[PDB]
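S.K.: Just so we're aligned: 317 in PDB author numbering is position 317 of the sequence shown, and the numbers increase by one with no gaps anywhere.
Idealized CB from N, CA, C, for every residue including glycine.
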Amino acid sequence: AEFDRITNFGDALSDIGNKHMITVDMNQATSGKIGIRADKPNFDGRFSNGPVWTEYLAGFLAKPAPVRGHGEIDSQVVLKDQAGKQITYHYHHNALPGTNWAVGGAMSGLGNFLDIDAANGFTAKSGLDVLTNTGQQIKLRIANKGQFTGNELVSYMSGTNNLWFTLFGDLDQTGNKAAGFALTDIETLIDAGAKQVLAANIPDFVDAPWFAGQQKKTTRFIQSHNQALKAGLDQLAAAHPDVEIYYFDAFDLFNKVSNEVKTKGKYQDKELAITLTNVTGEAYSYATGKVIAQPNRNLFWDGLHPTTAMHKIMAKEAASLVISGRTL
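1) Can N42 and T307 be called in contact, C-beta distance under 8 Å?
2) Whether or not the region 90 to 109 and the region 174 to 184 are in contact is what I'm after, with contact meaning three or more pairs of Cβ atoms, one per stretch, closer than 8 Å; do they touch?
3) Which ranges would you report for the beta strand (DSSP E) in the region 85 to 144 if only whole runs of at least 3 residues count?
4) What ranges does the alpha helix (DSSP H) occupy inside the region 174 to 258, keeping only unbroken runs of at least 4 residues that lie completely in it?
5) Alpha carbon to alpha carbon, how far is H93 from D74?
6) Helix, strand or coil: how does DSSP classify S320 here?
7) Measuring only the C-alpha atoms, how far is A319 from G325?
8) How many Å lie between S224 and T134 at the Cα?
9) Tell me where the alpha helix (DSSP H) around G59 begins and ends.
10) Report the rounded CA-to-CA distance for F251 versus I202, giving the unit in angstroms.
11) Grab the span of the alpha helix (DSSP H) containing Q28 for me, first residue to last.
12) Is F248 closer than 8 Å to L198 when the C-beta atoms are compared?
13) I believe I116 touches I34 by the beta-carbon criterion, under 8 Å. Please report the beta-carbon distance rounded to the nearest angstrom.
14) So for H305, helix, strand or coil by DSSP?
15) Using three-state DSSP, classify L79 as helix, strand or coil.
16) Just how far apart, CA to CA, sit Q136 and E271?
17) With DSSP collapsed to three states, give me the class of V261.
18) Three Cβ pairs or more, each shorter than 8 Å: is that satisfied between the region 68 to 84 and the region 291 to 299?
19) Any chance the region 12 to 21 sits against the region 99 to 106, with 3 or more Cβ pairs inside 8 Å?
20) For the alpha helix (DSSP H) holding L328, just list the boundary residues, first then last.
21) What residues in its chain sit with their C-beta under 8 Å from that of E282, if we drop five residues either side in the sequence?
22) Going by alpha carbons, who is nearest to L61 out of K230, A1, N278?
23) Excluding the five sequence neighbours on either side, which residues of its own chain have a C-beta within less than 6 Å of the C-beta of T188, listed in chain order?
24) How is the alpha helix (DSSP H) around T160 delimited, first residue to last?
25) Taking the Cβ atom as the reference point for each residue, do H240 and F47 lie within a distance shorter than 8 Å?
26) Given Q147, which residues of its chain have a CB within under 7 Å of its CB, disregarding the five upstream and five downstream residues?
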């Protein structure tokens, strides 16, 4: 056989609950002073209305379902109430053994990042930067579990948040610069013994509701990133002939589904029991909580994250890429 288990790295497209549960635990530990990410109506801490693509993937390949994992978390969380009284917490959680190390918000590269808010009248000064970037996930997986054995498929899907925090934060990355961080991370996997790598590019988010009024900037970033990533993976595959690399072209899949819905009115897959009829709107509004009656007719759940229907479509394409043995 080629592999017994799947290991996942990346962001909210892959995460089965780390960003959610870390904030649940920090909220408990501070008696409600930290806001919960991926609350209801999101499904069990997924940034979706049901399972994400890494869950369908394990089903399709008949491998064990993802197990949420992370390393030790430790931080001095400093908050202030509206009166400006400072409150300090020692937040700690032991490592969590698992196989899916993805965390919503994560960027390609190393280190930790800030994507958690204080709540109920408090404001965070310091120490909420407890979430790990994709390259940091890999570093902590290696420390916790050692090098890969070769019996795993390792999925890597990152870069969306390198775009996100360039548009809406102080990150100042080109698509090619962000792609370089991804390739550095993927090379770390290889040097850690990974022999089967499922590397995904950035989806075609041209129509994502949260990117409205940024279409030229997102096309530039996502096009730049994906062609740099492809070329880099072609080079890595060249230099590492004992590694099988599958390039999940999530971009083209999003593009194809979208154009099918726009030009024929639907994208339907009878094998998956899915019919999409909307690829331009959110099924669910973050701001108001409201959800349309039939969210699984949409590509987009909120303004960026796919619905569980679209995650199923993504995993079928990835599973069939792996089954097809069409490696780089």
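M.R.: From the atom records:
1) Counted from its first residue, the sequence shown places residue 42 at position 42. Counted from its first residue, the sequence shown places residue 307 at position 307. No. Outside cutoff.
2) yes
3) 86 to 93, 123 to 126
4) 175 to 191, 215 to 239
5) As a first step, residue 93 must be located in the sequence shown, where it is residue number 93. As a first step, residue 74 must be located in the sequence shown, where it is residue number 74. Taking the straight line from one Cα to the other gives about 7 Å.
6) On the sequence shown, residue 320 is found 320 positions in, with the first residue counted as 1. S320 falls in the helix class under three-state DSSP.
7) Along the sequence shown, read from residue 1 onward, the residue named residue 319 stands at position 319. Along the sequence shown, read from residue 1 onward, the residue named residue 325 stands at position 325. Cα to Cα, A319 sits roughly 10 Å from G325.
8) Sequence index remark: in the sequence shown, residue 224 carries index 224 (1-based). Sequence index remark: in the sequence shown, residue 134 carries index 134 (1-based). C-alpha separation (whole angstroms): 20 Å.
9) As a position in the sequence shown, residue 59 is number 59, starting the count at 1. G59 -> alpha helix (DSSP H) spans 53 to 61.
10) Within the sequence shown, the letter at position 251 stands for residue 251. Within the sequence shown, the letter at position 202 stands for residue 202. For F251 and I202, the distance between alpha carbons rounds to 6 Å.
11) Translated into the one-based positions of the sequence shown, residue 28 becomes position 28. Note, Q28: alpha helix (DSSP H), 18 to 29.
12) As a position in the sequence shown, residue 198 is number 198, starting the count at 1. As a position in the sequence shown, residue 248 is number 248, starting the count at 1. It is a contact, given that the beta carbons lie within the stated cut-off.
13) If you number the sequence shown from 1, residue 116 lands on position 116. If you number the sequence shown from 1, residue 34 lands on position 34. Indeed they touch by this definition, with Cβ atoms about 6 Å apart.
14) In the sequence shown, counting from the first residue as 1, residue 305 sits at position 305. Here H305 sits in coil by DSSP.
15) Stepping through the sequence shown from its first residue, residue 79 is reached at position 79. Looking at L79 - three-state DSSP - the assignment turns out to be strand.
16) Taking the first residue of the sequence shown as 1, we reach residue 136 at position 136. Taking the first residue of the sequence shown as 1, we reach residue 271 at position 271. Answer to the nearest angstrom: the Cα atoms are 37 Å apart.
17) Within the sequence shown, residue 261 is the residue found at index 261, counting from 1. It is helical.
18) no
19) yes
20) As a first step, residue 328 is located in the sequence shown; it is residue number 328 there, counting from the start. No alpha helix (DSSP H) holds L328; DSSP gives it neither H nor E.
21) In the sequence shown, residue 282 corresponds to position 282, counting from 1. Same-chain partners within the cutoff: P209, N298, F300, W301, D302, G303.
22) On the sequence shown, residue 61 is found 61 positions in, with the first residue counted as 1. Ranking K230, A1, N278 by Cα distance to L61 puts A1 first.
23) Translated into positions along the sequence shown, residue 188 becomes position 188. Excluding residues within five positions, the ones whose Cβ falls inside 6 Å are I138.
24) The residue labelled residue 160 in the question sits at position 160 within the sequence shown. Counting along the chain, the alpha helix (DSSP H) containing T160 begins and ends at 160 to 167.
25) Along the sequence shown, read from residue 1 onward, the residue named residue 240 stands at position 240. Along the sequence shown, read from residue 1 onward, the residue named residue 47 stands at position 47. Cβ distance not < 8 Å, so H240 and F47 don't count as in contact.
26) For the purposes of this step, residue 147 is taken as residue 147 along the sequence shown, with counting starting at 1. Closer than 7 Å at Cβ, skipping near neighbours: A192, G193.
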